[PDB]
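See structure below.
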Amino acid sequence: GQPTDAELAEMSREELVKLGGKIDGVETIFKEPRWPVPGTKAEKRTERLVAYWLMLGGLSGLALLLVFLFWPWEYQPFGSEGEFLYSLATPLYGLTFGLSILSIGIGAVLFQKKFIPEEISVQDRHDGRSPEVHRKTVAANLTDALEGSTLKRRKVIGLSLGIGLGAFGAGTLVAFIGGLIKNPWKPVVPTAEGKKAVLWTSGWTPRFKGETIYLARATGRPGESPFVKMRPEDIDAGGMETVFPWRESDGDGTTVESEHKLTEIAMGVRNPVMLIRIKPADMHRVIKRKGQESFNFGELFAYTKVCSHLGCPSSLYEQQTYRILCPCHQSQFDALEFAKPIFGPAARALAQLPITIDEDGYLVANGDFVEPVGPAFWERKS
Amino acid sequence: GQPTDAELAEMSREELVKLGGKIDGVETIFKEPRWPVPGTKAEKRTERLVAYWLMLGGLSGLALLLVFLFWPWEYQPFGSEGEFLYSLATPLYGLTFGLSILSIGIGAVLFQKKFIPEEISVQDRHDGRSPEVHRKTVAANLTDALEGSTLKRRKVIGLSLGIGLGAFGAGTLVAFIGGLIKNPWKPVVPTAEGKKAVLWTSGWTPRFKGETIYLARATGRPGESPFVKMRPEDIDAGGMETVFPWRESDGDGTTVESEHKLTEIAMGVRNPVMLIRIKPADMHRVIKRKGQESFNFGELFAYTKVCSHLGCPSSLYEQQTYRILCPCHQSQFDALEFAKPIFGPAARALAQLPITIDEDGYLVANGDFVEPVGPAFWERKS
Amino acid sequence: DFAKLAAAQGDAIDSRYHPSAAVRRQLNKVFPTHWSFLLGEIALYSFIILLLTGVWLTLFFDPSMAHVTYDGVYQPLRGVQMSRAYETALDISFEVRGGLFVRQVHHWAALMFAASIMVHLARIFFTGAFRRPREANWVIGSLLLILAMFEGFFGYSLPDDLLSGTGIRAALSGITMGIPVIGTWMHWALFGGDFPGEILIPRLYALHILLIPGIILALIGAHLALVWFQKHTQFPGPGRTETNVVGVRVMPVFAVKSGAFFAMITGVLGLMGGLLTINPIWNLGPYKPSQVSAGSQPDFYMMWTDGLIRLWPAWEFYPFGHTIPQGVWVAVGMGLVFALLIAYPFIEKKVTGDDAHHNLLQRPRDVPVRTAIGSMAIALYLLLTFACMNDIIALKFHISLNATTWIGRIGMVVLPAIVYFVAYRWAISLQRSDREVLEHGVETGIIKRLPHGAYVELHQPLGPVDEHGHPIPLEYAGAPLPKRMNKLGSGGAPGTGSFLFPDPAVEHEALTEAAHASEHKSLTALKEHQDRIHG
Amino acid sequence: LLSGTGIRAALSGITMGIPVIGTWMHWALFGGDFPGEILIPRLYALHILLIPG
Amino acid sequence: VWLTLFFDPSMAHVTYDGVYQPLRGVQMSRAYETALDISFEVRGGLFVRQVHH
Ligand SMILES: CC(C)=CCC/C(C)=C/CC/C(C)=C/CC/C(C)=C/CC/C(C)=C/CC/C(C)=C/CC/C(C)=C/CC/C(C)=C/CC/C(C)=C/CC1=C(C)C(=O)c2ccccc2C1=O
Ligand SMILES: CC(C)=CCC/C(C)=C/CC/C(C)=C/CC/C(C)=C/CC/C(C)=C\CC/C(C)=C/CC/C(C)=C/CC/C(C)=C/CC/C(C)=C/CC1=C(C)C(=O)c2ccccc2C1=O
Ligand SMILES: CC(C)=CCC/C(C)=C\CC/C(C)=C/CC/C(C)=C/CC/C(C)=C/CC/C(C)=C/CC/C(C)=C/CC/C(C)=C/CC/C(C)=C\CC1=C(C)C(=O)c2ccccc2C1=O
Ligand SMILES: CCCCCCCCCCCCCCCC(=O)O[C@H](COC(=O)CCCCCCC[C@@H](C)CCCCCCCCC)COP(=O)(O)O[C@H]1[C@H](O)[C@H](O)[C@H](O)[C@@H](O)[C@@H]1O
Ligand SMILES: CCCCCCCCCCCCCCCC(=O)O[C@H](COC(=O)CCCCCCC[C@@H](C)CCCCCCCCC)COP(=O)(O)O[C@H]1[C@H](O)[C@H](O)[C@H](O)[C@@H](O)[C@@H]1O
Ligand SMILES: CCCCCCCCCCCCCCCC(=O)O[C@H](COC(=O)CCCCCCC[C@@H](C)CCCCCCCCC)COP(=O)(O)O[C@H]1[C@H](O)[C@H](O)[C@H](O)[C@@H](O)[C@@H]1O
Ligand SMILES: CCCCCCCC/C=C\CCCCCCCC(=O)OC[C@H](COP(=O)(O)OCCN)OC(=O)CCCCCCCCCCCCCCC
Ligand code: HEM
Ligand code: FES
Ligand code: FES
């Protein structure tokens, strides 16, 4: 029970380790070497095994280096000489790297499990309720700091500090978050009826009364004339086409002024619509919504693609079932009837775009959606 | 010299604090309250002072919240009612916030300096050379861990682990940095003499032999027709104009194919050139460089704007001294002589563009720079 | 019942965990109460404010060179091609409530961070706080200073601006291409191509908001942990020795005053962000290689590197078919500066022989040669900074630009020598003044002797007085000496009533003798502890 | 396409459907309507520094 | 960290004009463009992003 002032000089390594364990509350029981018998060849085999694993790690690391420095990387277009090499370029990087470090780890684990001595050291756990001396002394220190400071006697300081900190906190937090906060109902989008909110307005909202908004088909042409006017004859019974609100002013994408209006049209969340050609045989099964009875042009029905529930496009269309399916959460809308949801999470019918043909027969929206078209929100149905 | 098993119960707060200091090596000397005399009105005055500071902090924090939420913020165009309010909007935010927190801090400091008791606590410093018991026990623990592990006895493992870790580190570092490493001298920029490295080529390098590169002036028009062809008559003696390498193919910015070529022309580091008109009277002081004697078209001299030292534009042209000064590091190049540096960090002359007039009299480059034009680098002057 | 709640929470904490002893150690830790030891806290607090404002800024900043026409609110820049980085910086300035203030306080916090790091470095260097126990602390602090400088560089380079863009073009691109064997390769690796490569600002944004701040946070953690556990050094004083820390405990006084100081530093930075305009990028058009400005300076913490660029005399070497531009000279100069700064404590100990564990600071006067060297280095740094500013100095103060450049060139070898000599002699003369005070006492008003007409200053001895008038000289103990009876027990008892009106005489007397008792009690406690340490 | 569709579903629809403040949270996260020009920069900050910190 | 060294967060529209042929001339954000650059035009970038995910 003494700190060994001069005994440490002659204390051996084992004695010093035991002393350290004792000081730390750790008793090392059965710290025994793995190979007590010397000269055995099983020891040599295990040595060689761990050496082989480490050498495999090193060889695989060198392989990673050489492959990374010298391998036919870089994309190869398709069916091209070198495409096979490219396809397994990255797999080779990962294989070499992972094999190298995994082999190093396996060698380390084997060394621990085969050569490092086995110990069952047990540590004294002093958890919970520090001794009463420590507890009471900490409590005394904190209480002396509090009372000596003379607080909880200067009511004016106690209240003034609280008021000041609270006011500063509130100024600071409001001034932090206020940059982010934006009124979702600031009228910004222009419209024939004056500026309206973004949620109310879409790309189909007539900017000025009587505006022509063609149901332009989005050809995949990379950049130039991405949206092209459309005609009813283009679709055939049981056909679906994704159309967008194209204006004559939003000409082809050749100009810089254009190709920004067109990009806006393409990126409009509420812009894309699906035009469906109801089969004339099944035209008699169509039920129509209140105020949407004349929206369809003959056998053409234009429904918003944006799913009424969370706003994913409802792009999937099943003909001879007339079901507009949404891939995000498997909601089906009965296109025959007004596009009311007959399955899945969606509970509101897809908004129906009024459509018609202008002069020359090109399809044009005959108005705007009589309801907000995206997914629902608090300020809706009024 | 005992842990006070049961005396802590009757030990007072002061005794417990002294005990904690003793245990931690801290002796608190002269811990005395600031106001030993009770009932004095100086104490009340100091109380009110710190209270006033904290309340000023709180009022300023409330002012920050009120001005932030309710003030004419938002940029106001020049010379418009509300410009003054906008200009002193941000100053008011900062004033209120800073005054609030500063006043809270002043109140806290005054409380510490006037009410919190004064102490000269002295702590025993146990720095340096942990007691020999701890040192020798740590050494024994580490040495027992090393030797018991049987390392420094398995030569094959010792070397194999080193090889494996070194190879894995090599491979990993090389694979980490090879993504960043790029060849500066990969021929990428096309040229009449085949693809060449970027540093050699600028916007003035003829893409095909005999290409016409007009010294187009960059009108500040926002986006459309930014670069327009130029004529010698446009400049007058003692005049400088920043010109760019414009091609007929690089037409106005109306199209989308254009306005990317034009953006590239504008953003070319080595593209901009200064065309200076040397006065006819001072034309006799001109000294010309080897291979650049015929570069000047009469009294028109085209020198790269990029400073020969670190590549800042050297735009500060001084007439009646004919000195092209660079603002970045104050280097003057004598325009009269070949644009050699006659002051400042620069040591190489500015590259001189060969200029002439094509059909219709427009200024065009009569070739390419006979030297790399940007700032110098290792692979230069050969 | 807040007291009951606090007691129950303490018991629950001490039952789940056992932090009683550790927390008591932390609370009882004693910190010296010297003002100069708050200089590092200034830098720490500015760093904290930088983090808080940078998070807000990253919530609104978009790093990209993607060209866009502004089409914002700021009329003077409409339809002009600009990078999305510049566009979003303008959006922060104008189209976010308080974004201009947040970015201005962020930049002011960056400037204060650099300045307070410099002041803290000066404090530790001149006081000898880097000696045996703390050379590692000095080293990591030097790395921290370098990281702070470069992070400020990247930070004011983040919003692609004309000024910051031309600064980047000069420093980064030019000096990188200059480096002989790997310069162009470094340039291409960093920019992913030629200078205006379309990854520069995203890379700088990453480095500036995540990578360098992470390293700085780790190094600040190491720094503060080292200061915490290698107990803070202290100046020589009455009860202060190499094996004790005289000051105040963490809990009651030091914690309160450090928190209040942090509040006041935040207030200063907020007031600056409000009242002083910092980096008004809107005046600075978007970066274009052709557009320039006359100023073209970096922040003050890189102004010394820029001034080195300006002043170094255009010496270029041309090996066989190659070039070694003037940028490499400055690159090597910066390398030397950083190497010497990092390795000074080891250089100091190699030169002097000091391998002793030093826990008592040295007065800069008491260490002349080090004080002279530090003064010489500060003079060189100031000369370089004003050389970088020589453009505006020449413009406003009517001095020829060539004259300022050559003043810098000559003075970068003359002014360091002058300042070294002056500082060395000044330190020795401060020592001489201290010894004059020690041997003669403090000075006071003059008196004319009674019999004859001699004039004697009527000094005041600081120690025991010999049987005759002259006192026994005291031994210098490394602590400052009071050279004014002002600061001693003389003329210090104004009526304690108020500014406008008095207080009752009984109250005044009670207060004044209570203060007298308290101060003499403090003096006696310190004297007794000093006597106890050796006696 | 995949991850942006996931964002449109969850972050936009769920956020904007919340009764009292749904649209207000949506507009304050996206700097306006769903395809607001700051969403990915904000997520980049959140994902490399804020949340990992 | 490696990915941040190469990623550019932005919705700023750009035509790819990169190396991946099946997406050339298609309007895309800078975020998508630089993710494609990591995948294709940066050595080991595909591996790094894949091991990251
Ligand atoms: C590389 C290098 C240092 C080259 C030399 C150029 C240089 C700095 C010359 C000295 C500048 C001076 C002092 C000009 C005045 C004329 C002159 C030389 C008189 C003789 C000097 C002399 C020995 C006088 C004896 C008495 C004495 C010490 C007088 C000093 C007077 C002054 C100016 C003291 C203050 C020092 C000072 C601020 C110098 C200018 C330095 C800088 C970088 C100012 C920056 C600055 C500027 C430039 C603004 O325009 C501004 C506008 C609005 C708000 C803020 C600022 C602002 O902070
Ligand atoms: C004689 C004697 C007794 C000596 C004592 C021995 C001695 C030195 C003992 C101390 C031992 C040391 C120092 C050990 C290492 C400590 C260490 C690094 C620990 C790790 C720290 C850690 C946790 C993370 C790493 C943090 C980090 C980045 C540390 C290094 C800090 C340093 C020195 C940065 C230097 C940066 C630099 C300028 C490098 C040169 C490379 C060049 C030329 C790049 C090109 C370049 C660029 C890229 C610019 O931006 C620029 C901007 C403005 C002007 C010019 C330039 C410029 O030239
Ligand atoms: C428009 C807009 C967005 C505006 C807002 C601007 C913006 C974006 C951000 C800034 C806004 C904010 C949030 C401002 C307030 C910042 C803040 C938390 C201030 C706190 C200061 C304050 C209000 C004090 C009130 C007075 C009072 C009662 C003080 C005593 C109680 C307090 C608060 C104690 C705090 C103690 C403190 C500073 C702890 C810091 C923790 C850290 C990081 C390290 C601790 C530490 C320290 C402090 C050492 O000095 C030290 C020295 C040597 C070795 C080790 C250490 C060490 O570990
Ligand atoms: C206790 C604090 C008491 C204060 C309550 C604060 C809430 C009431 C707001 C009062 C101001 C409203 C009227 C005048 C203002 C107005 O009409 O703005 C509106 C938006 O109100 C704003 O200004 C910013 C709102 C402030 C953020 C508040 C943060 C939450 C608070 C309540 C929690 C912290 C308080 C402390 C308690 C927590 C303690 C911690 C435990 C709409 O903006 P908009 O018309 O679209 O323009 C946009 C510009 O605002 C926009 O800043 C700009 O950045 C643009 O993006 C722009 O488009
Ligand atoms: C001990 C390691 C021994 C290996 C030494 C490695 C250095 C020799 C490189 C050998 C490969 C060169 C020939 C084939 C390859 C070739 O021609 O590529 C060149 C560039 O070489 C590369 O590939 C990447 C270079 C590798 C980075 C090495 C990092 C430094 C090392 C030496 C330090 C770590 C080693 C451990 C020691 C430190 C231990 C820590 C204490 C140029 O690229 P480029 O033609 O422009 O195409 C670009 C594509 O490379 C580019 O990756 C791509 O991303 C594009 O951007 C593309 O444009
Ligand atoms: C980061 C952002 C954090 C948020 C901070 C900012 C939040 C600020 C919110 C307060 C701003 C003012 C609200 C504006 C918008 C608003 O909220 O609508 C009001 C609604 O008041 C009512 O009557 C509702 C009560 C009556 C029905 C009883 C319902 C009980 C429900 C709530 C119980 C379910 C709760 C379950 C919680 C589930 C939680 C899920 C996790 C009425 O409309 P109004 O104020 O006139 O606004 C007009 C627009 O309605 C108009 O469409 C437009 O055209 C404009 O004119 C606009 O001005
Ligand atoms: C802005 C300003 C520039 C920035 C300034 C910061 C850089 C560090 C400052 C100064 C370093 C030079 C100091 C002066 C060195 C003294 C030379 C000598 O003669 O050595 C005599 C000593 C005393 O010996 P002593 O038994 O006390 O007897 C009394 C005998 N008369 O010997 C020794 O131990 C030491 C022998 C060798 C020491 C080597 C020190 C330099 C190491 C390289 C680091 C770079 C140096 C850069 C220099 C600028
Ligand atoms: C640690 C020390 C730091 C320093 C010295 C520093 C320095 C700077 C400076 C001087 C600016 C210029 C501001 C302006 O021109 O208006 C800046 C910009 C910026 N900083 Fe830092 N900063 C630091 C930390 C941080 C951190 C931790 C973050 C992120 C949490 C951050 C985020 C930003 C952003 C996003 C910008 C660009 C905003 C803008 O252009 O206005 N900074 N930085
Ligand atoms: S997103 Fe369409 S059903 Fe959910
Ligand atoms: S950048 Fe032009 S002289 Fe240095």
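The way I read the labels, and the way they are meant: chains A, B, ... in the order of the structure tokens, residue 1 as the first residue of every chain, and ligand 1 as the first ligand shown, with later ones counted on from there.
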Kindly work out which residues sit at most 12 Å from ligand 1, using only C-alpha atoms and all ligand atoms, and give the list as JSON, numbers by chain. {"C": [276, 277, 278, 295, 297, 299, 300, 303, 304, 306, 307, 308, 310, 311, 312, 379, 380, 381, 382, 383, 384, 385, 386, 387, 388, 389, 390, 391, 392, 393, 394, 395, 396, 397, 398, 399, 400, 401, 402, 403, 404, 405, 406, 407, 408, 409, 410, 411, 412, 413, 414, 415]}
Residues just named, written with C-alpha atoms as a compact mmCIF listing (two decimals), in the first residue's frame:
```
# COMPACT_ATOMS: atom_id res chain seq x y z
CA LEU C 276 -18.65 49.72 -41.74
CA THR C 277 -18.95 48.45 -45.31
CA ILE C 278 -16.73 45.44 -46.00
CA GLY C 295 -6.57 48.90 -56.15
CA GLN C 297 -5.24 44.26 -53.02
CA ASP C 299 -7.13 41.20 -47.28
CA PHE C 300 -4.60 42.58 -44.83
CA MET C 303 -1.25 41.96 -48.03
CA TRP C 304 2.26 41.03 -46.89
CA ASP C 306 1.22 40.70 -52.15
CA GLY C 307 3.73 43.33 -51.03
CA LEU C 308 6.51 40.78 -51.34
CA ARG C 310 5.39 43.91 -55.63
CA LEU C 311 8.73 44.72 -53.99
CA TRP C 312 10.88 41.78 -55.05
CA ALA C 379 8.58 46.05 -39.07
CA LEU C 380 9.24 43.87 -42.12
CA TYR C 381 5.62 42.67 -42.12
CA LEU C 382 4.29 46.22 -41.85
CA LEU C 383 6.61 47.38 -44.62
CA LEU C 384 5.37 44.55 -46.86
CA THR C 385 1.73 45.33 -46.04
CA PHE C 386 2.14 49.03 -46.81
CA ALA C 387 4.06 48.08 -49.96
CA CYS C 388 1.04 46.08 -51.10
CA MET C 389 -1.05 49.15 -50.26
CA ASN C 390 1.50 51.39 -52.00
CA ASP C 391 -0.95 51.95 -54.86
CA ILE C 392 -3.56 53.59 -52.63
CA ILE C 393 -0.87 55.18 -50.46
CA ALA C 394 0.63 56.79 -53.56
CA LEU C 395 -2.83 57.84 -54.76
CA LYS C 396 -4.02 59.49 -51.53
CA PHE C 397 -0.74 60.53 -49.93
CA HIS C 398 0.85 62.23 -52.91
CA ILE C 399 3.93 60.04 -53.39
CA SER C 400 5.18 58.72 -56.71
CA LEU C 401 4.24 55.09 -57.27
CA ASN C 402 7.83 54.33 -58.23
CA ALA C 403 8.94 56.20 -55.11
CA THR C 404 6.75 54.00 -52.90
CA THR C 405 7.92 50.82 -54.63
CA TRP C 406 11.56 51.74 -54.12
CA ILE C 407 10.92 52.94 -50.57
CA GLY C 408 9.60 49.46 -49.90
CA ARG C 409 12.51 47.80 -51.69
CA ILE C 410 15.17 49.72 -49.76
CA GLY C 411 13.32 49.66 -46.46
CA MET C 412 12.74 45.91 -46.47
CA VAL C 413 16.47 45.65 -45.74
CA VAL C 414 16.95 49.02 -44.00
CA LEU C 415 13.85 49.38 -41.81
```
If we count only C-alpha atoms, which residues of chain D reach to within 9 Å of chain C? Please list them as a count of residues only. 14
Judged by only C-alpha atoms, the minimum distance to chain E among A:216, A:42, A:235, A:266 is found for A:266
Mind listing the residues within 6 Å of ligand 3, only C-alpha atoms and all ligand atoms counted, as a PDB file with N, CA and C atoms, in the first residue's frame?
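File produced: selection_19.pdb:
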```pdb
ATOM      1  N   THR A 172     -31.822  37.597 -32.453  1.00  0.00           N
ATOM      2  CA  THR A 172     -30.841  36.854 -33.234  1.00  0.00           C
ATOM      3  C   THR A 172     -31.492  35.719 -34.010  1.00  0.00           C
ATOM      4  N   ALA A 175     -33.671  36.952 -36.762  1.00  0.00           N
ATOM      5  CA  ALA A 175     -32.849  37.639 -37.772  1.00  0.00           C
ATOM      6  C   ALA A 175     -32.064  36.584 -38.557  1.00  0.00           C
ATOM      7  N   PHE A 176     -31.759  35.431 -37.978  1.00  0.00           N
ATOM      8  CA  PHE A 176     -31.206  34.259 -38.645  1.00  0.00           C
ATOM      9  C   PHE A 176     -32.209  33.645 -39.612  1.00  0.00           C
TER      10      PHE A 176
ATOM     11  N   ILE B 104     -25.062  43.521 -23.036  1.00  0.00           N
ATOM     12  CA  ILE B 104     -25.150  42.343 -22.177  1.00  0.00           C
ATOM     13  C   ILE B 104     -23.767  41.966 -21.661  1.00  0.00           C
ATOM     14  N   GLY B 105     -22.763  41.993 -22.539  1.00  0.00           N
ATOM     15  CA  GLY B 105     -21.409  41.680 -22.112  1.00  0.00           C
ATOM     16  C   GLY B 105     -20.878  42.672 -21.096  1.00  0.00           C
ATOM     17  N   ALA B 108     -22.443  41.893 -17.790  1.00  0.00           N
ATOM     18  CA  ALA B 108     -21.816  40.724 -17.185  1.00  0.00           C
ATOM     19  C   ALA B 108     -20.447  41.066 -16.609  1.00  0.00           C
TER      20      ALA B 108
ATOM     21  N   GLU C  41      -8.327  34.336 -26.769  1.00  0.00           N
ATOM     22  CA  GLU C  41      -9.775  34.211 -26.676  1.00  0.00           C
ATOM     23  C   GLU C  41     -10.460  35.074 -27.723  1.00  0.00           C
ATOM     24  N   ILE C  49     -17.815  33.052 -34.215  1.00  0.00           N
ATOM     25  CA  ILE C  49     -18.724  33.905 -34.980  1.00  0.00           C
ATOM     26  C   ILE C  49     -18.607  33.588 -36.465  1.00  0.00           C
ATOM     27  N   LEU C  52     -20.650  30.489 -37.132  1.00  0.00           N
ATOM     28  CA  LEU C  52     -22.087  30.734 -37.070  1.00  0.00           C
ATOM     29  C   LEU C  52     -22.569  31.499 -38.297  1.00  0.00           C
ATOM     30  N   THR C  53     -21.816  32.510 -38.727  1.00  0.00           N
ATOM     31  CA  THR C  53     -22.211  33.280 -39.900  1.00  0.00           C
ATOM     32  C   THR C  53     -21.974  32.501 -41.190  1.00  0.00           C
ATOM     33  N   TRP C  56     -24.949  30.244 -42.013  1.00  0.00           N
ATOM     34  CA  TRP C  56     -25.996  31.055 -42.620  1.00  0.00           C
ATOM     35  C   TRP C  56     -25.659  31.384 -44.067  1.00  0.00           C
ATOM     36  N   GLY C  98     -31.247  40.744 -44.303  1.00  0.00           N
ATOM     37  CA  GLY C  98     -30.110  40.664 -43.417  1.00  0.00           C
ATOM     38  C   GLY C  98     -28.932  39.911 -43.980  1.00  0.00           C
ATOM     39  N   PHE C 101     -25.869  42.103 -44.018  1.00  0.00           N
ATOM     40  CA  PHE C 101     -25.299  42.219 -42.683  1.00  0.00           C
ATOM     41  C   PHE C 101     -24.568  40.946 -42.289  1.00  0.00           C
ATOM     42  N   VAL C 102     -25.135  39.781 -42.609  1.00  0.00           N
ATOM     43  CA  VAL C 102     -24.512  38.523 -42.210  1.00  0.00           C
ATOM     44  C   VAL C 102     -23.173  38.355 -42.912  1.00  0.00           C
ATOM     45  N   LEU C 224      -6.512  24.409 -27.471  1.00  0.00           N
ATOM     46  CA  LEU C 224      -7.189  24.692 -26.215  1.00  0.00           C
ATOM     47  C   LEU C 224      -6.971  23.572 -25.211  1.00  0.00           C
ATOM     48  N   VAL C 227      -3.473  24.109 -23.832  1.00  0.00           N
ATOM     49  CA  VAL C 227      -3.464  25.215 -22.880  1.00  0.00           C
ATOM     50  C   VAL C 227      -4.130  24.790 -21.579  1.00  0.00           C
ATOM     51  N   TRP C 228      -5.206  24.013 -21.681  1.00  0.00           N
ATOM     52  CA  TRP C 228      -5.954  23.593 -20.504  1.00  0.00           C
ATOM     53  C   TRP C 228      -5.114  22.696 -19.607  1.00  0.00           C
ATOM     54  N   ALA C 255     -14.986  32.014 -15.869  1.00  0.00           N
ATOM     55  CA  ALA C 255     -16.045  31.662 -16.806  1.00  0.00           C
ATOM     56  C   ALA C 255     -16.929  32.864 -17.103  1.00  0.00           C
ATOM     57  N   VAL C 256     -17.316  33.605 -16.064  1.00  0.00           N
ATOM     58  CA  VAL C 256     -18.200  34.750 -16.254  1.00  0.00           C
ATOM     59  C   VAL C 256     -17.524  35.794 -17.130  1.00  0.00           C
ATOM     60  N   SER C 258     -14.950  35.465 -19.211  1.00  0.00           N
ATOM     61  CA  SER C 258     -14.725  34.990 -20.572  1.00  0.00           C
ATOM     62  C   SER C 258     -16.010  35.032 -21.387  1.00  0.00           C
ATOM     63  N   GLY C 259     -17.132  34.610 -20.800  1.00  0.00           N
ATOM     64  CA  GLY C 259     -18.398  34.704 -21.510  1.00  0.00           C
ATOM     65  C   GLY C 259     -18.772  36.140 -21.825  1.00  0.00           C
ATOM     66  N   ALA C 260     -18.570  37.039 -20.864  1.00  0.00           N
ATOM     67  CA  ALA C 260     -18.859  38.446 -21.098  1.00  0.00           C
ATOM     68  C   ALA C 260     -17.947  39.020 -22.175  1.00  0.00           C
ATOM     69  N   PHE C 262     -16.671  37.334 -24.652  1.00  0.00           N
ATOM     70  CA  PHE C 262     -17.185  36.814 -25.913  1.00  0.00           C
ATOM     71  C   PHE C 262     -18.396  37.615 -26.367  1.00  0.00           C
ATOM     72  N   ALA C 263     -19.277  37.963 -25.428  1.00  0.00           N
ATOM     73  CA  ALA C 263     -20.417  38.804 -25.767  1.00  0.00           C
ATOM     74  C   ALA C 263     -19.958  40.141 -26.328  1.00  0.00           C
TER      75      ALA C 263
END
```
Could you list, as a PyMOL selection string, all protein and nucleic acid residues with an atom at most 6 Å from ligand 2, counting only C-alpha atoms and all ligand atoms? chain C and resi 143+146+171-172+175-176+215+305+331+335+338+342-343+346-347
Which residues of chain E come within 8 Å of chain A, and for each one, what is the closest pair of atoms and their distance in Å to one decimal, counting only C-alpha atoms, sorted by chain and residue number, as a tab-separated table?
```
residue	atom	partner	partner_atom	distance
E:19	CA	A:75	CA	6.8
E:20	CA	A:75	CA	6.7
E:21	CA	A:77	CA	6.1
E:24	CA	A:222	CA	7.9
E:25	CA	A:222	CA	5.2
E:26	CA	A:222	CA	5.4
E:27	CA	A:223	CA	7.3
E:40	CA	A:75	CA	5.9
E:41	CA	A:74	CA	6.6
E:43	CA	A:73	CA	7.2
E:44	CA	A:90	CA	6.7
E:46	CA	A:90	CA	6.9
E:47	CA	A:90	CA	5.7
```
Using only C-alpha atoms and a distance of at most 7 Å, pull out the residues of chain B that contact chain A, as number ranges by chain. B: 8, 13, 16-17, 20, 50-51, 54-55, 57-58, 61-62, 64-65, 68, 100-101, 104, 115-117, 133, 137, 140-141, 144, 148-150, 156-157, 160-161, 163-165, 167-168, 170-171, 174-175, 254-256
Taking only C-alpha atoms into account, which residues of chain E are within 12 Å of chain C, as a ChimeraX atom specification? /E:1-15,28-31,33-34,37-38,41-42
